[PDB]
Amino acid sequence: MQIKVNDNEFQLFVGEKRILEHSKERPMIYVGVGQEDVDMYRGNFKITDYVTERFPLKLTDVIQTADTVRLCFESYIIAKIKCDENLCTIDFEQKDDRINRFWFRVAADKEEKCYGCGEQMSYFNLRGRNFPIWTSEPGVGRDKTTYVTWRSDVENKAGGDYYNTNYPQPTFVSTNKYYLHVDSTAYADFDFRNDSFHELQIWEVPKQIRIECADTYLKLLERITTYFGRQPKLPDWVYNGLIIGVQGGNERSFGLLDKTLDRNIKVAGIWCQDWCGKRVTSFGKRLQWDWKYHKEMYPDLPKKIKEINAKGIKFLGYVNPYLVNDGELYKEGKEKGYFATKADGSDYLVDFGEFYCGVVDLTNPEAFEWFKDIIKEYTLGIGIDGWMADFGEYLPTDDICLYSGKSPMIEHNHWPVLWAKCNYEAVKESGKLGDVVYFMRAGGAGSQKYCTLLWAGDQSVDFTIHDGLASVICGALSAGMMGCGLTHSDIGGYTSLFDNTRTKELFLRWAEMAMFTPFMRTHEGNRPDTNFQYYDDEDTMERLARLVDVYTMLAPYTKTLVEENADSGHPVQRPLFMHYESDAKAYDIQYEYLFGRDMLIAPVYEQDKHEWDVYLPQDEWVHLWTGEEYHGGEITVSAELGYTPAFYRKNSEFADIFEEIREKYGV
């Protein structure tokens, strides 16, 4: 990167491509004054802004030092710029206290594409749209043309839209082979609707903007994860097979484990989210938010965990950073003063849907340490080797006080990372990194270090584009470009509402994609009695045993991808353009991915399909199940139920593993 600058024009280049400019004709910064309106309803946020001032700044002074270039903008902003061959930082100082709106422009051209802004569930390429950065419920349906979405809006204010996500991040990657990060947890809105610039709206003057370039996307990801962090290797035991999501107490849950094993489905672990109890609401069968094992539903659980461990099976649980008001840990947290409070001193109670919970104040070090100790003592301490570490999106912005003294308009997006750090430190302090794994749906900048595994959050139980099976693929790709290289999904989705229920076909198509991911896990969903469950159908269990076997057979390859993610930040699920940078079509494809360097996966995301159109970049490919060879381009392969459109490179060093799969399970 190179800086060019006079007394009234600043420029920054990446190669021969200008990416920053401030002149009178093309200002780089606008500042202004806004008054927001934020209305939360059960984790959904309706956010509007009333802007009374917005104006571009005048560059009134420039000072060049061998290390720093200083831009003075009247009495509003000072920008200190420092550059290397690969890194520019722009630190901002605010000289006018009135400003609470900050618009930053990046030079662009019509053909450029951008990726990221966190885990995006609808659009991988961000160009042409804008993306608010505000963690929240991602929406049920997420598509205003569907009945599920409309009913979700009408009854629950919960239909959402294309940009909602549990894990937004003020960071993007450009096809000019740089990434840009705005060091701020404020509300932001990344606007890619203009041909000649990207505009980044921030609801504070951000501390710094960071820009870093590389010669390849692989190296760009190495630089991204150097700055944000890298995940550990997953525990070796995850590759033993399926992690089965079952509920109902000792007899039912361990009964289904035995039934699962008896049908020759390989099991890595049993995940009982109700290990701490159940709570039934009008949404469905939920959990008792009090993070100690439930002695009536799962008596003697520590002893029982030792027993299944001796048979090669791990036990997985569930925690989240809230506590319901009738729980034992709530009573203790109240007595110790560890909840976020209102101005009058009452503990703030959040409505999660017919029950009310305190928000453990993770910005209070004593409360943070207390909750970390709850994980150590009552989850890790009874031998639980993994858990869902849920939520993080529900911090309200109305009359709530945090120990940090910062506005909830700033701490709201910070919360997922504070929650991630709490889990990470519990595991690290216990010496269990690499032995236990928790998985999170919410995140922010820093989840690259503090989250051991993402999952895609709640999908609807359907084949829709914006909230079904397909949206998992988009979420994997976007998250991976942010440096979160390990993700998975609920096999079969989660959300059943408004006559939308899971089918056998949906479960199996979901499973045949999951076997080409690091972590296979099922989920009964919110209404288990009226949604298909794999253990309800012998044919499904037979079919599932094959899919899980394929996962275990892939594991020597998958371990090298997880290792490569841990070593350099190359995600396990990669976009096609990560290894085919010259292929123009690879930049527009978001429903196929490279499973490592050596496999291409194009999951079937529609019902009643028997063949599937696949775009293959130019290379020597072999269809997994048939061995037929392909050299690149649009094709159509058979894709019956159980036969994922999956291809491997001919000269892959793992071709023997893939051939063993074909011989055993091909056509």
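Throughout, we count residues from 1 along the sequence that is shown.
>> If you average the CA temperature factors as listed in the entry, which stretch comes out higher, 573-581 or 433-441?
In response: Mean CA B-factor is higher for 573-581.
>> Please compare 480-488 with 304-312 and say which has the higher mean C-alpha temperature factor in the record.
In response: In the deposited entry, the stretch with the higher C-alpha B-factor mean is 304-312.
> Of the options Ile410, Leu87, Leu362, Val548, which has the highest CA B factor as deposited?
Replying inline: In this record, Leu87 carries the highest C-alpha B-factor of the candidates.
> Is the Cα B-factor recorded for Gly43 in the lowest, middle or highest third of its chain?
Replying inline: Lowest third, going by the recorded CA B-factors of the chain.
> Split the chain's modelled residues into thirds by Cα B-factor; is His181 in the lowest, middle or highest one?
Replying inline: For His181, whose C-alpha B-factor we compare with every modelled residue in the chain, the answer is the middle third.
> Thinking about Cα B factors across the chain, which third does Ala107 belong to?
Replying inline: Highest third.
>> What third of the chain does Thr175 rank in for C-alpha temperature factor, lowest, middle or highest?
In response: Tercile = highest for this residue's CA B-factor.
> If you rank the chain by CA B-factor, which third does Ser152 end up in: lowest, middle or highest?
Replying inline: Lowest third.
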